[PDB]
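Below sits a lone chain in structure tokens, taken as the form deposited in one PDB entry.
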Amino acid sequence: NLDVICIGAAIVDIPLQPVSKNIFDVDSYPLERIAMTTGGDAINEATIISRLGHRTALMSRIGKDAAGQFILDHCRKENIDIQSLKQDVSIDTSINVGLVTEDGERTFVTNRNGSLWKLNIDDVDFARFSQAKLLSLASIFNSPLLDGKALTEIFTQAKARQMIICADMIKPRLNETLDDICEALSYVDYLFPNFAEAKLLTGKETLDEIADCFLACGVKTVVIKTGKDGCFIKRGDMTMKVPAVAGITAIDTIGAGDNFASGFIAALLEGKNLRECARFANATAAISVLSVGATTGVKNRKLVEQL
């Protein structure tokens, strides 16, 4: 039953919207609502993949506090295995405060000493790798301590157990470079970089050469989501384009990448071909964007096959 192991920081988000610098001009500024939600690429993937029908275990680091319990309760409700996810009394679970302006954009106030930054190789339960079929590193660069060297060790353990290795990415937090993770990337079977960010990291404009940079490090398959025209898939022996499902407006895009990866992964586990995986990924992403929040759209699976 355990199909996937998701490694990544599980955190809590608190969006303040709509706000602007003017909030500093009064003693008390009222909003229509202030609420906290579980967040983080890892938690989102574990949630969506579980809903799609595949048992998932989450490996992360959280504090022994209310935010941490909120995360554990979420996991319990979603049937996400948390045996490996332990609580650390010396740290505060990361609480990310989002400042969302009238334009819809947003900046963040974060805890530099939060759980997300403390996550490291000690939080990876290698003994459990033999229990799953696929490993998803939910965001290379997200937790700086999981650097190239740590990622290489993690992936070496994963491949020793024949696991499929999938990895997403975010923009480097400490000026890390592609060269610093090139070795670890040689172990990745499916890489899901984001177009914009991938452009910065590689310094290339075309999807093709951008993909080439990753293939150059040993990545087997590069799957680039191209918001609007589906996704661009590249390998050393082929290039494939699978247009996004047409007819979708979509209110919000946060978590789009997470739902995309979750759908692709669910498809992989079911043994579908690359085209079928891309279609499922695009379909899952399409449903997620129609609702507000990263995991509100995709409630089960019927909704996705419905497309």
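Sequential numbering from 1, following the sequence displayed. If you superpose the two forms and keep the largest set of C-alpha atoms that fall within 1.5 Å, you have the rigid core.
Q: Averaging only over Cα atoms, indicate whether 193-201 or 148-156 has the higher B-factor in the PDB entry.
A: Per the PDB record, 193-201.
Q: Look over 246-254 and 42-50 in the entry and identify the one with the greater average Cα temperature factor.
A: Taking the mean C-alpha B-factor of 246-254 and of 42-50, the larger value falls to 246-254.
Q: In terms of CA temperature factor as recorded, identify the highest of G230, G218, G98, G114.
A: Most elevated C-alpha B-factor of the set, per the entry: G230.
Q: Can you tell me which of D92, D81, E183, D208 has the maximum CA B-factor listed in the PDB entry?
A: Highest C-alpha B-factor among the listed residues goes to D208.
Q: If you rank the chain by CA B-factor, which third does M238 end up in: lowest, middle or highest?
A: CA B-factor rank for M238: highest third.
Q: Where does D123 sit by CA temperature factor within its chain: lowest, middle or highest third?
A: CA B-factor rank for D123: lowest third.
Q: Should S139 be placed in the lowest, middle or highest third of its chain by the C-alpha B factor in the entry?
A: Answer is middle: the recorded C-alpha B-factor places it there.
Q: By the record's CA B-factor, is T284 among the lowest, middle or highest third of residues in the chain?
A: It falls in the middle third of the chain.
Q: Comparing against every modelled residue in the chain, figure out the third that the C-alpha B-factor of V109 lands in (lowest, middle or highest).
A: As the PDB entry reports it, the C-alpha B-factor of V109 lands in the middle third of its chain.
Below, we turn to the form deposited in another entry, even though it does not appear here.
Q: Can you spot, among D122, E105, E209, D179, the one with a CA shift of 2 Å or more between this form and the one not shown after core superposition?
A: Residue with a C-alpha shift of 2 Å or more: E105.
Q: For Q17, is the CA shift between this form and the one not shown at least 2 Å following rigid-core superposition?
A: Shift at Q17: 2 Å or more after core fit.
Q: Would you tell me if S28 moves between this form and the one not shown by 2 Å or more at its C-alpha, with the rigid core held superposed?
A: Moves: yes, 2 Å or greater.
Q: Did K21 and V292 drift closer or farther in that other deposited form, going by a CA distance change of 3 angstroms or more?
A: Nearer in that other deposited form, by 3 Å or more.
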